[PDB]
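One line per chain: the protein sequences are A, B, C, D, E and F, in this order.
Anchor point for the first sequence: position 213 equals 232 in this note's numbering, and the numbering is continuous, going up by one each time.
Anchor point for the second sequence: position 29 equals 292 in this note's numbering, and the numbering is continuous, going up by one each time.
Anchor point for the third sequence: position 30 equals 127 in this note's numbering, and the numbering is continuous, going up by one each time.
Anchor point for the fourth sequence: position 85 equals 1151 in this note's numbering, and the numbering is continuous, going up by one each time.
Anchor point for the fifth sequence: position 48 equals 37 in this note's numbering, and the numbering is continuous, going up by one each time.
Anchor point for the sixth sequence: position 18 equals 158 in this note's numbering, and the numbering is continuous, going up by one each time.
Think of the CB as a built atom: it goes at the ideal place given N, C-alpha and C, for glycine as much as any other residue.
As structure tokens, the structure follows; a few thoughts come after it.
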Amino acid sequence: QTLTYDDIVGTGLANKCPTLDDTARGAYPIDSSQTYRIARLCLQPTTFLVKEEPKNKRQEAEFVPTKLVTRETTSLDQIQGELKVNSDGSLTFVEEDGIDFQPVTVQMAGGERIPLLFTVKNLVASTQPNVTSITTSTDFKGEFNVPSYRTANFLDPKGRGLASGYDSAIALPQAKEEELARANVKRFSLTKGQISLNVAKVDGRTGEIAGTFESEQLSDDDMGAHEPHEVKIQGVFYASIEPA
Amino acid sequence: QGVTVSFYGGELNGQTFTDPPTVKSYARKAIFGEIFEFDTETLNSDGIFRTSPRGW
Amino acid sequence: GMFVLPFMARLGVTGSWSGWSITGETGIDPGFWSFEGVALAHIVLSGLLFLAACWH
Amino acid sequence: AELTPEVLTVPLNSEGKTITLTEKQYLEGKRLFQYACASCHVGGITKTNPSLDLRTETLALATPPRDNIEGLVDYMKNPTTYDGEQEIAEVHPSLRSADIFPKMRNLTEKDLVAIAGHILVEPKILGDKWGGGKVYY
Amino acid sequence: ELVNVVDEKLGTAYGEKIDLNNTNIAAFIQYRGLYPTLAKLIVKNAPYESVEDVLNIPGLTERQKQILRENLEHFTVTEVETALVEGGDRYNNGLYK
Amino acid sequence: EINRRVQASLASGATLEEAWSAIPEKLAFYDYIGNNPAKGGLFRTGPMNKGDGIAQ
Ligand code: CLA
Ligand code: HEC
Ligand SMILES: CC1=C(/C=C/C(C)=C/C=C/C(C)=C/C=C/C=C(C)/C=C/C=C(C)/C=C/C2=C(C)CCCC2(C)C)C(C)(C)CCC1
Ligand SMILES: CC1=C(/C=C/C(C)=C/C=C/C(C)=C/C=C/C=C(C)/C=C/C=C(C)/C=C/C2=C(C)CCCC2(C)C)C(C)(C)CCC1
């Protein structure tokens, strides 16, 4: 029943996390003497929400739902790392390597596109203490780093960039520079994002866990040219616990 | 290369600059020749060279 | 300075194809009869009346 | 300018004995370099790894030095990484991998000397063009 | 104010020496015996609080430590510049020939 | 001509501040590419002051 690439290709299932059947309400014993690792952490986002900025300071600044425009390019998959068992009984996922970032663009009402680097780069995420078995009440809370959406070689349409490019607006050779400084000086942001993985299904036999996530992070700031928005990402996850 | 700029005569006479953004900015002005202070505000000057009546 | 927008809103047309509504609510779908769809319907009607004017 | 003996005189070994190639030797080396090496090394660069070129100063800092004839001939027999630490014949053309790189099969020692001479003479001819890439075209 | 951090880092010892915390891996070609094997280990085990911390890399042969000792006068260490290490840019900074 | 006058002053014991402060502003202004009649544009309309600004 296991699928091949020619079955999957062009169906959109390659952007999906694997699922566990409804029957898998079991529990996975964490032997404290044995080490563990994560063979594959998948995260499939379903809902991207962006917080508006009402120009008033006060008011109800809630998260509005957006429309994805960059198609089924969104999931993080093949993420590996060590699942430590701590002293106090809690499990901490340290993220090592994988496809741990996807550029995503969503669009608000009015047509404003919001680019974001949807990521869990360098995710440290820990459970609660005294969890001797991963059950359906386990919650991996943690934080990750959000690097700049473009890296340092990226050139703007006027040829300006951080590690490459012009340092000024060459089409305006005698303009005053201080009003153009926020566009002329490219700045590499590095911010933090928070994520909570809630387990809903456990394969007690194999060691496959699945559930839902909620992730909060900043969107792209266009290398410092504008303020980033606050993004809330919701979706499903899948993790397979191999003992190491 | 530790590049500095010193000005002699004119408005910045005797002044020396060493911070690399400030030194680079006068170097981008020095490609045009002698460096002048302009009032760009009265005419909403766009910063883009125009020809003279000799050109027109 | 909106003049025809309230006349559309008075009779039911409140949403735009770009996703907003005039009451400011989020995430509702107007169907064809958005503000743009009204405007498109009037333009098409204008052209059809022009052709009928030529014929008559 | 002419292709004199002084142009055609390159180091033979690491000690410092020189070899003055013939114009027939240099022209045969250019033909065999085009035949066997220029698909990756056109102009002295390396298309599949631009970090390592064929400039004389770069071959000098290779381990063992490849900035003489015998160093280049040994590389064409048993190529290494730039520190000499790995043997890379299974991914680089050589005499010892002529079964997987079949253009290396009928290469003589006279052919390997001639290719090695072309690699050494050409930057003396072209200057920074050799190993420079598109900037110097 | 706003500053180009890459332009600023050329004002430090990064602009003169190979910076073990920041410099792209291909700059280890400039000296004999560092590339690829020692260059790979140096970038992998970055950051370092001093140049001499490069000799503490676990698994080095005594020949590998001697080569590093001959090249410490070409090395430096500065703070990790995130604009230089992100995007995998120490292994491929987008520059070829 | 600017460099000639500076060297004539510097040969006579003027300092570098004194040699360059003796150059007239009108002469330094001609040695600036924004006064070149070949730097303009066909649709860059108006006075040269509309470009770089009014020289102060
Ligand atoms: C010999 C002709 C001539 C020249 C060289 C000048 C020169 C000047 N004028 Mg003056 N001017 C002139 C006659 C002239 N003027 C005339 C006849 C009038 C009355 C309209 C004026 C009224 C006038 C005003 C009100 C102003 C000037 C200004 C200026 C200065 C700026 C010029 C500029 O920006 O033009 C820009 C030139 C163009 C954008 C080129 C026009 C190209 C045309 C539209 C293309 C035509 C294409 C054609 C239709 C295609 C045909 C195809 C067909 C055959 C098939 C410059 C010193 C300005 C100034 O600074 O004064 C202080 C200013 O404010 N002029
Ligand atoms: C591409 C498919 C190549 C062909 C054909 C040839 N070479 Fe090459 N060469 C290639 C690579 C990828 C590398 C780098 C290997 C590594 O260290 O990772 C090289 C390297 C060399 C060198 C060393 C350069 C230095 O700086 O020390 C030399 C001297 C060299 N290659 C010579 C050479 C010759 C003579 C060839 C024709 C027979 C030839 N190469 C073929 C890629 C390819
Ligand atoms: C500038 C300006 C402005 C604007 C204006 C406008 C916008 C206007 C327009 C207007 C218009 C837009 C109008 C039009 C008109 C039209 C008409 C008047 C028509 C007529 C027609 C006819 C005559 C027809 C004929 C015919 C035909 C064709 C066919 C069939 C038959 C017949 C015969 C019927 C404003 C005020 C804002 C401000 C100030 C300035
Ligand atoms: C139902 C409905 C509706 C309504 C609609 C309407 C309102 C319609 C209209 C319609 C119309 C309004 C029509 C018209 C038509 C027209 C035509 C059909 C015309 C044609 C013409 C012709 C054919 C002509 C020709 C010519 C010319 C052009 C020139 C000269 C010559 C001649 C004469 C030949 C609505 C939307 C509300 C809703 C839904 C339902």
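Pairwise C-alpha distance: residue j and residue i
| i | j | result |
| --- | --- | --- |
| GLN97 (chain A) | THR54 (chain A) | 20 Å |
| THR38 (chain A) | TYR257 (chain A) | 7 Å |
| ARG52 (chain E) | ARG169 (chain A) | 41 Å |
| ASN189 (chain F) | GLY1197 (chain D) | 49 Å |
| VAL204 (chain A) | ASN175 (chain F) | 29 Å |
| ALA200 (chain A) | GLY318 (chain B) | 33 Å |
| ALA194 (chain A) | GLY1110 (chain D) | 44 Å |
| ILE118 (chain A) | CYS36 (chain A) | 13 Å |
| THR123 (chain C) | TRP117 (chain C) | 6 Å |
| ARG79 (chain E) | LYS29 (chain E) | 10 Å |
| residue 274 (chain A) | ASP241 (chain A) | Nothing can be reported for residue 274 (chain A): it is not among the residues displayed for chain A, which extend from 20 to 263. |
| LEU1093 (chain D) | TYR20 (chain E) | 32 Å |
| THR157 (chain A) | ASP8 (chain E) | 44 Å |
| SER1080 (chain D) | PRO1131 (chain D) | 7 Å |
| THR305 (chain B) | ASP192 (chain F) | 12 Å |
| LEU(-9) (chain E) | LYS1096 (chain D) | 53 Å |
| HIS248 (chain A) | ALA178 (chain F) | 46 Å |
| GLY1082 (chain D) | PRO192 (chain A) | 56 Å |
| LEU(-1) (chain E) | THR279 (chain B) | 21 Å |
| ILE125 (chain C) | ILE140 (chain C) | 25 Å |
Chain-ordered neighbours of residue i on chain C, where CB pairs are closer than 9 Å
| i | result |
| --- | --- |
| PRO84 (chain A) | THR123, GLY124 |
Cut-off 6 Å between Cβ atoms - residues of its own chain near residue i, not counting five sequence neighbours on either side
| i | result |
| --- | --- |
| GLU233 (chain A) | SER215, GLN253 |
| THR1086 (chain D) | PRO1071, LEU1074, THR1075 |
| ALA33 (chain A) | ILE27 |
| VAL143 (chain A) | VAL113, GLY161 |
| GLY100 (chain A) | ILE57, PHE112, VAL113, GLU114, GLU115 |
| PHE17 (chain E) | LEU23, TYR24, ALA28 |
Neighbour list for residue i in chain F, Cβ cutoff strictly below 7 Å
| i | result |
| --- | --- |
| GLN121 (chain A) | Correct list: empty, because the minimum Cβ distance to chain F is about 44 Å. |
| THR305 (chain B) | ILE194 |
Spatial neighbours of residue i in its chain, beta-carbon cut-off 7 Å, leaving aside the 5 residues before and after
| i | result |
| --- | --- |
| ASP1149 (chain D) | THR1129 |
| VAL74 (chain E) | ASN11 |
| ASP1165 (chain D) | none |
| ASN34 (chain E) | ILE46 |
Interface residues of chain A facing residue i [CB-CB closer than 9 Å]
| i | result |
| --- | --- |
| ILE311 (chain B) | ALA190, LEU191, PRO192, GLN193, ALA194 |
| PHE301 (chain B) | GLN193, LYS195 |
Proximal residues to residue i (C-beta, below 8 Å), its chain only, five neighbours per side dropped
| i | result |
| --- | --- |
| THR1084 (chain D) | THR1075, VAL1076, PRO1077, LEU1078 |
| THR151 (chain A) | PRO48, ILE49, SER51, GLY108 |
| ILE1135 (chain D) | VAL1076, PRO1077, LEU1078, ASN1079, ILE1085, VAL1179, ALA1182, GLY1183, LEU1186 |
Candidates the options, of which the one nearest residue i by Cα
| i | options | result |
| --- | --- | --- |
| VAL69 (chain E) | E:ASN11, E:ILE31, E:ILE18, E:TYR3 | E:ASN11 |
| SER106 (chain A) | A:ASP25, A:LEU62, A:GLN147 | A:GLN147 |
| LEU275 (chain B) | B:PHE312, B:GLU297, B:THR314, B:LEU306 | B:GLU297 |
| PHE163 (chain A) | A:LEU237, A:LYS74, A:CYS36 | A:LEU237 |
| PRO64 (chain A) | A:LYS251, A:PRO247, A:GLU261 | A:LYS251 |
| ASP40 (chain A) | A:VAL88, A:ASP158, A:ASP222 | A:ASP222 |
| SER183 (chain A) | A:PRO166, A:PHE207, A:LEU191 | A:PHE207 |
| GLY265 (chain B) | B:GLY272, B:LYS287, B:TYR271 | B:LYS287 |
| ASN172 (chain A) | A:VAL165, A:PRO166, A:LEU181 | A:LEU181 |
| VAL1139 (chain D) | D:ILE1166, D:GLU1123, D:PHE1099 | D:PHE1099 |
| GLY109 (chain C) | C:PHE100, C:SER115, C:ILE119 | C:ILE119 |
| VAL218 (chain A) | A:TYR185, A:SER167, A:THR210, A:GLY45 | A:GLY45 |
Any non-hydrogen atom of ligand 5 within 7 Å of residue i CB
| i | result |
| --- | --- |
| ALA136 (chain C) | For the structure depicted, ligand 5 is absent and the ligand set comprises only ligand 1, ligand 2, ligand 3 and ligand 4. |
Partners in chain B for residue i, counting only beta-carbon separations shorter than 7 Å
| i | result |
| --- | --- |
| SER187 (chain A) | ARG291 |
Under 9 Å from the C-beta of residue i: neighbouring residues of chain B
| i | result |
| --- | --- |
| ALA195 (chain F) | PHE299, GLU300, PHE301, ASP302 |
Contacts that residue i makes with chain A (C-beta to C-beta distance below 8 Å)
| i | result |
| --- | --- |
| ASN(-7) (chain E) | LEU181, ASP186, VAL204, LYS205 |
Chain D contact residues for residue i, given Cβ-Cβ distances below 8 Å
| i | result |
| --- | --- |
| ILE18 (chain E) | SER1117, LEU1118, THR1124, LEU1127, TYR1148 |
**Request:** Taking only beta carbons into account, state which residues of the stretch 45 to 78 of chain E come closer than 8 Å to chain A, listed in chain order.
**Result:** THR71, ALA72, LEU73, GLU75, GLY76, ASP78
**Prompt:** Listed in chain order, which residues of the stretch 279 to 293 of chain B have Cβ atoms closer than 8 Å to some Cβ of chain G?
**Reply:** The structure shown has no chain G; the protein chains it does contain are A, B, C, D, E and F.
**Item:** Contact residues within the stretch 111 to 142 of chain C, judged by C-beta distance below 8 Å to chain A
**Value:** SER113, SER115, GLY116, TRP117, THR123, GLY124
**Asked** Residues in the stretch 70 to 95 of chain A with C-beta within 7 Å of chain C's C-beta atoms, listed in sequence order?
**Response** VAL83, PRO84
**Prompt:** the stretch 1140 to 1163 of chain D: which residues have C-beta closer than 9 Å to a C-beta of chain E, in chain order?
**Reply:** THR1147, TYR1148, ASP1149, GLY1150, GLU1151, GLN1152
**Asked** Of the residues that make up the stretch 155 to 170 of chain F, which ones have a beta carbon closer than 8 Å to any beta carbon in chain B?
**Response** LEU156, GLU157, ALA159, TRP160, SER161, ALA162, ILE163, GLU165, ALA168, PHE169
**Request:** Could you please tell me which residues of the stretch 124 to 148 of chain A, in chain order, have their CB closer than 9 Å to any CB of chain C?
**Result:** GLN126, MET127, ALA128, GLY129, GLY130
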